[PDB]
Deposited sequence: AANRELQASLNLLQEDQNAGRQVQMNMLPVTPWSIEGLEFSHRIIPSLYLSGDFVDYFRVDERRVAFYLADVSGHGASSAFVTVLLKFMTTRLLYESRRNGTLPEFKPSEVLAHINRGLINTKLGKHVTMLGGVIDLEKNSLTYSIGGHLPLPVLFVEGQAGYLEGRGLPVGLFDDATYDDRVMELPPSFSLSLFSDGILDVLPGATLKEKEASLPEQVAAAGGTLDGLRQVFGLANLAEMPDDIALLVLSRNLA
């Protein structure tokens, strides 16, 4: 048998999956013609990948935590907490990646987080984004059109501004396959493929999460 000691863990794992469920924003949430929407596919129960976008007065990001499981799930919580703390207590995300850096630098769990920061200023149709990871760069424009330029040497352990078209379509991705060949493929598949274009792309062990803006 031995199912008991398992079913209990799965019932415990689910309690953590669902606690992350109410933690992420809903989709597809749109504001002033901007459809913020995402798709996260956890490793069955708990995912270290998290995505959250809120309107300051618009911020957004995609975070991929090292490895997977309970340990990785804990880190995402901190992230969701720190960002909402800055809200209660304008700027550039490069300064926000440093704030998150300090949280992780204390190395409470000794976990480094790779994220894709971004803030769109409805005023002046400008998007300022910072990246601190080796994950697949942002892609925009879908069929009409590519990878956004930016140095992601920064990481959780231890600023590019761009105008925004009317219907341009930007997608942030987790470290999900689906080396150099594989990094050239997804940009093309994204073009070939928004949420329904990414799901077909999706159609594994490590968590799979993607955030699309449009």
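Several segments of the deposited sequence have no coordinates for C-alpha: 1-4, 62-64, 97-104, 161, 175-180, 201-208, 224-225, 236-240, 252-255, numbered from the first residue.
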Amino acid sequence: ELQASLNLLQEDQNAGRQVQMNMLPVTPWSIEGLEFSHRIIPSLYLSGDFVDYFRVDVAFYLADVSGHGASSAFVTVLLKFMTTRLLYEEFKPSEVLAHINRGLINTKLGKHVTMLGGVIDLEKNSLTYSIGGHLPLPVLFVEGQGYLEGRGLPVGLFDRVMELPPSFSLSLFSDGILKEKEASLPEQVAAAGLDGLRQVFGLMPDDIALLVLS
From here on, numbers count along this sequence of modelled residues.
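For the segment pair 43-51 and 24-32, the entry gives 24-32 the higher mean B-factor, averaged over Cα atoms. Of the two stretches examined, 34-42 and 184-192, the record assigns the greater average C-alpha temperature factor to 184-192. Across the options 165, 154, 69, 150, the residue with the most elevated CA B-factor in the record is 154. Highest CA B-factor among the listed residues (120, 115, 79, 105): 105. Sort the chain's modelled residues by C-alpha temperature factor and residue 99 lands in the highest third, per the entry. In the deposited entry, the Cα temperature factor of residue 87 places it in the highest third of its chain's modelled residues.
Ranked by C-alpha B-factor against the other modelled residues of its chain, residue 159 falls in the highest third. For residue 63, the recorded CA temperature factor ranks within the lowest third of the chain's modelled residues. Ranked by Cα temperature factor within the chain, residue 4 sits in the highest third according to the deposited record.
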